[PDB]
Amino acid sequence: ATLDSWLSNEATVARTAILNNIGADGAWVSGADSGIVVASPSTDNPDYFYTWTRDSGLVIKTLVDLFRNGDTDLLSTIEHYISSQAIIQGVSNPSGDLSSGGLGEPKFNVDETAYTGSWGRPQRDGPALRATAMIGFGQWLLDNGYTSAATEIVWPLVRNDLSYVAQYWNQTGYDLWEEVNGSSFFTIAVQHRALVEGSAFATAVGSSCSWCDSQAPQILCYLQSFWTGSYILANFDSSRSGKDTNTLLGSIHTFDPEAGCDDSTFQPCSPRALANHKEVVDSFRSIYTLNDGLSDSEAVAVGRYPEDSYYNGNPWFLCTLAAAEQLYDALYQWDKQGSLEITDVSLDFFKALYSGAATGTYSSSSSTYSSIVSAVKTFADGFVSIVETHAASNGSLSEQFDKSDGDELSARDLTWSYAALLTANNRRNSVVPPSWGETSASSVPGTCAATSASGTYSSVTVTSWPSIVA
């Protein structure tokens, strides 16, 4: 009713707002070079007029998926991004050069110059995210007969990022929130994915990624350590509880539509990800006045972590959208499978929504199933309603919304907020991303080793783009 139509409208707004934030024709970011995704046009309090590898990677992957689904007009935006990355990779910065750690640098100026002040650096998710976004585009180029562009432009760029991940995964750094110096689930999860799809891509182009192959299994091995028995620990080397939407993000950004409810990869429907889901969301129920009065079977406004004090610690549009997207993903998986399972690990999650929940296997034709799935859908939609309630009248999505009154705060028109909107809508409509090979990369080795593999680095120069038609 309100929701479906609001989403339809918001999706259009979200696409437009992202384009306005990408150089060099982006309406909100004059000064940004060609293909530079700006986090936000906000240049003062806060100053987000920079380009983050993470934000850009996430945004572009989203645009790539839209493109592959028929949004052909996004072609030049993607080409520009790729071209810009060829340059950025080579920018000498506080984290190093191309071959000596440069790839890990969190953000840059919109003009493609290094940001030299103090920052929580490096952030090792970046390279993984940029690689995943490029690989998707690379796959389309292969499928549509533009092998050369894939082999000579995309591969070489990806190869740099894959080498970095394989080389430093087992080293500390900052989390996606840029505040904890340690080992972060989100980072580890996206790094394992990148290596697996990086390897398949390498083969597709007639090359190889030996370092992708030796390291992926080891990253996976390590990933298991994040399960505490009741939830996913966001970070090692932290004094916090460990409950963080970092873990929801890790799950949705590594969702493979071909995968079952695999615990080893923390898929959306896995018992571990469902138990984690409740523990995370529940942590925001009594700390935000905006959540006052809601029951345990009701959607709530979700922040980053319960201990957050950034701008006082408020819910985030993207964190709230992620809580819904994980559910949309699990619905798709159960439906595709033709059953859902309730285990001791995930009982609390189900029991909060369907009080008659009991462990066992429920086929898609069973009454229990119908009852659970409707309840899950209503819950998932509830998170999206909170978003709709607090968005600006014209559809503007901010970074945060006030924990007490829901007013928008922090960076305005946050590009990441817009991409999160698109992906949650997509999943809601059963529009899923291409598979990354999870079905051949969920086996955990019997012994985890603290290791690395060094790949190879080489500077890429993009002379010209072939005249691609879509």
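Sequential numbering from 1, following the sequence displayed.
- Of the two stretches examined, 331-339 and 318-326, the record assigns the greater average C-alpha temperature factor to 331-339.
- Checked against the record, the higher mean CA B factor of 262-270 and 359-367 lies with 359-367.
- Based on the entry's C-alpha B-factors, the most elevated value among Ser398, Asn312, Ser184, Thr247 belongs to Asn312.
- Residue set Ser76, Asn276, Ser118, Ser295: peak C-alpha B-factor at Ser295 (per PDB entry).
- Residue-level temperature factors show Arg304 in the middle third of its chain, judged at the C-alpha atom.
- Ranked within its chain, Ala39 lands in the lowest third, by CA B factor from the PDB record.
- Sort the chain's modelled residues by C-alpha temperature factor and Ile22 lands in the lowest third, per the entry.
- Looking at the C-alpha B-factors along this chain, the one for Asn425 belongs to the middle third.
- Among the modelled residues of its chain, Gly31 has a C-alpha B-factor that falls in the middle third, as given in the PDB entry.
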